[PDB]
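K.L.:
Numbering (our numbering), first residue to last: 3 to 266.
See below:
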């Protein structure tokens, strides 16, 4: 009943998923499955999927390679520190993953199988670590978690708040011009490319006239308003009667919008 073999076995698998989720991003190859419009295509290609410059998969590698090491190292300065070390580490791993899951539930509204697996794997770990050895302290486990979780979440968010810079400075100037001219961007929410186009503006985009094209996601016919103006792919800008395809630079959009760029 008590075992740390379920640890090394899950931690091994965890290591492999993470390993070639990293190898994928790190070589920019597509994920073995997906590319079916949004999904792992959006998720993996979105920001967040990188953490402090490296792949977030690569972060999860350190996690899954940590938990494996502890589980596989024989009882050594670890005998005393194994089952607390394992706990703190896995606590962190569950916390991170709940925020990742949150990202998918809200503020991506999209899911990834490779990412879901990760979660379930860590959920297997979380069960095992709690039930695979008891201190029967109760109060400390409940505390220790709430600490580590709070420490993970604070750092995690504080890294992802570092991820998006201010909408500066024409980013806001243009978003107000587009709002006034009525130049509109048509795009999906599941579209990675549109997310990129949204990225260039930053928090300024909230002014931009946007038309959500598929309110019911992938595989379902697009909203009428998009089919009326004659959209095919995303993103599409119709600014001043003229239509423009794909992502374009703030400079390129300024030209299409009649915004006066000044450098003298």
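All C-beta atoms, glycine included, are put in the ideal place defined by N, C-alpha and C.
1) Considering only residues of the same chain and omitting the five flanking positions on each side of residue 90, which have a CB-CB separation below 8 Å?
2) Could you check what DSSP says for residue 260 in three-state terms: helix, strand or coil?
3) Can we say the region 104-119 touches the region 60-77, given the rule of at least three CB pairs closer than 8 Å?
4) Alpha carbon to alpha carbon, how far is residue 28 from residue 73? Give it in angstroms, no decimals.
5) Assign residue 251 to buried or exposed, taking buried as 16 or more other Cβ atoms, counted over all protein chains shown, within 10 Å of its Cβ.
6) Take every Cβ of the region 200-212, pair it with every Cβ of the region 10-28, and state whether three or more of those distances are shorter than 8 Å.
7) Could you tell me if residue 17 is buried or exposed, where buried requires 16 or more neighbouring beta carbons within 10 angstroms of its beta carbon?
8) Using DSSP bridges, identify the partner residues of residue 1.
9) Counting along the chain, where does the alpha helix (DSSP H) carrying residue 185 start and finish?
10) Nearest to residue 7 by alpha carbon, out of 164, 71, 37?
11) Determine the contact status of residue 156 and residue 128, defining contact as a CB-CB distance below 9 Å.
12) Does the contact criterion of 3 or more C-beta pairs under 8 Å hold for the region 218-238 versus the region 172-183?
13) Return the CA-CA distance between residue 189 and residue 248, expressed in angstroms with no decimal places.
14) Determine the direct distance from the alpha carbon of residue 31 to that of residue 48, and round the result to whole angstroms.
15) Kindly indicate which three-state DSSP category residue 116 falls into: helix, strand or coil?
16) Give the range of the alpha helix (DSSP H) segment to which residue 230 is assigned.
17) Note down, in chain order, each residue of its chain lying with its Cβ closer than 8 Å to the Cβ of residue 224, except the 5 sequence neighbours on either side.
18) Three or more C-beta pairs closer than 8 Å, one from the region 77-85 and one from the region 100-111: is that the case here?
19) Could you give the first and the last residue of the continuous beta strand (DSSP E) run that contains residue 22?
20) Which residue's Cα is closest to the Cα of residue 96: 53, 264, 154?
21) Using 10 angstroms around the beta-carbon of residue 43, count the other beta-carbons present and answer buried if the total reaches 16, otherwise exposed.
22) Does the distance from the CB of residue 211 to the CB of residue 243 come in under 9 Å?
23) Applying the criterion that 16 or more other CB atoms from any shown protein chain within 10 Å of the CB defines a buried residue, is residue 41 buried or exposed?
24) Between which two residues does the beta strand (DSSP E) containing residue 156 stretch?
25) In this structure, how does DSSP classify residue 56 when only helix, strand and coil are distinguished?
26) I'd like the span of the beta strand (DSSP E) that includes residue 213, first residue to last.
27) Taking residue 66 as the reference, give the member of 37, 45, 124, 101 with the closest Cα.
P.N.:
This is what the structure holds:
1) 146, 150
2) coil
3) Cβ pair count under 8 Å is below three, so no.
4) Cα to Cα, the separation comes out at about 28 Å.
5) Residue 251 sits exposed, since fewer than 16 C-beta atoms from the chains shown fall within 10 Å of its C-beta.
6) no
7) buried
8) Missing from the structure shown is residue 1; the chain here goes from 3 to 266 and no further.
9) No alpha helix (DSSP H) holds residue 185; DSSP gives it neither H nor E.
10) Nearest C-alpha to residue 7 among 164, 71, 37: 71.
11) no
12) no
13) 10 Å
14) 15 Å
15) helix
16) 226-230
17) Setting aside the 5 residues that flank it on each side, residue 224 is surrounded in the same chain by 215, 216, 233, each with a C-beta closer than 8 Å to its C-beta; the list follows chain order.
18) no
19) No beta strand (DSSP E) holds residue 22; the alpha helix (DSSP H) holding it covers 7-29.
20) 154
21) Per the 10 Å Cβ criterion, buried.
22) no
23) buried
24) Per DSSP, residue 156 belongs to no beta strand (DSSP E); it is in the alpha helix (DSSP H), 141-162.
25) strand
26) 212-214
27) 124
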